[PDB]
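# here is my input, please return the structure:
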Amino acid sequence: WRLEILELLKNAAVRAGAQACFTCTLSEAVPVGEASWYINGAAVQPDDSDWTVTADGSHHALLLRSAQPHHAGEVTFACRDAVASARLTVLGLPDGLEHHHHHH
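Numbering: from 1, shown residues only. What follows is the structure:
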């Protein structure tokens, strides 16, 4: 019956074509106004195309479609005594090599 913050997903890096997963499972549902979801460098308008925000009960879900070298910025969220932060960054260097061979 309380409003204790259970778990928050922070710290996220998204390369080109990747996706972002930010959610905050609370103990109480908050309407629209006491909850603030924004990343410095790109305010999410009700019609935001790159970012998507929703609120259903005690669960707040926010994502990032295909990350592009420009969405980089800080991550700050606040609610019912629910303080949060993070660091969002996108890689634009195709210097990231990956192993395409699972096994040999």
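
# just the strands from this protein, written as ranges.
7-8, 12-13, 20-25, 36-39, 51-56, 59-64, 73-78, 83-89 (DSSP state E).

# okay, the angle between the fifth one and strand 20-25?
Following axes from the mean of the first three to the mean of the last three Cα atoms, to 10 degrees, one obtains 20 degrees for the angle between strand 51-56 and strand 20-25.

# for residue 104, which of the strands of the chain is the nearest?
Checking these against residue 104 by Cβ to Cβ gives strand 12-13 as the closest, at 28.6 Å. C-beta here means a position set from N, CA and C on the backbone, and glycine is covered the same way.

# distance of the residue nearest to the spatial centre of the chain from residue 75?
The centroid of the chain falls nearest to residue 22 when counting by Cα atoms, centre = their mean (3.5 Å). Note on residue 22: its distance to residue 75, by Cβ to Cβ, to the nearest Å, is 7 Å.

# tell me, what's touching those two both at once?
Residues touching both residue 22 and residue 75 (Cβ atoms under 8 Å, 6 or more residues apart in numbering) are 10, 12, 86.

# surely the second one and residue 21 touch.
Yes. Residue 12 sits in contact with residue 21 when judged by Cβ atoms under 8 Å, with a separation of 7.1 Å.
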